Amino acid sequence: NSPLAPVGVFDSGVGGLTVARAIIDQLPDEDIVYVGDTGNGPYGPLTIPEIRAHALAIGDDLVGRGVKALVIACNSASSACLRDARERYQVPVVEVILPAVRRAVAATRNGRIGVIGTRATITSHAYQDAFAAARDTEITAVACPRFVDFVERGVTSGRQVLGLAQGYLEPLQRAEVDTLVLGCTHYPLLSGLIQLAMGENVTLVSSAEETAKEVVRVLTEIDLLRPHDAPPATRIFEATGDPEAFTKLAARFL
């Protein structure tokens, strides 16, 4: 398309703002259209065909509006629909699983890699299968279903949530992982808590951070960066559910 076209970003809800904020941090001149599917999410407890239906509806709307690139900020939606998206859209698609996978394989020292995410992300085996091409690595994947509710309620330090994480992460500790993928939009807000649980030696990998660096790479190489001397960037935020409820909760992630 045109370098002046927006970047589309979408998510199951409000937590994908961690990805959007990281993209905007790296790319202050890009126009952005963010859509959070608060009308139909959370995607965490849904089935894969349910998630794909919801995500592709938003994907089709954003591509229909002329975005030059589509970013799937939700790890659950990335599991359910990257296959479809590759073939369905002609714009480049960035998502949140593969940039982290590549970072984790480069960052590990003993080859033992963990990943945490929603039930739907972990049950899909997107991470387990994506890591199968990595020589000399052992993957341990664990769903952490209550993490999302604790992040949104703002309860991310202290004894209650620390015990919750110790119970979730025990298999990763037992497996002696030295690298841990935060495979969910909400989990960067728990990186201090998770690091305390896992100890100093474990490298945490943020989906938001790696994906934003990948958007920089992708727009640079296909020569579609919106120019610095273009007008001030426009950033549009839309919700499929209650816009006022979205605005209230977004303060937690912005």
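Numbers for residues come from their place in the sequence shown, where the first is 1.
Stretches compared: 16-24, 226-234. Higher mean C-alpha B-factor in the entry: 226-234. Set 6-14 against 237-245 and average the Cα temperature factors; 237-245 ends up higher. Highest CA B-factor among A130, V148, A120, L182, as stated in the entry: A130. Remark: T203 belongs to the middle third of its chain, ranked by C-alpha B-factor as recorded. When the modelled residues of the chain are ordered by C-alpha B-factor, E209 sits in the middle third.
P49 sits in the highest third of its chain by CA B factor, as recorded in the PDB entry. When the modelled residues of the chain are ordered by C-alpha B-factor, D37 sits in the lowest third. Sorting the modelled residues of the chain by their CA temperature factor places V91 in the highest third.
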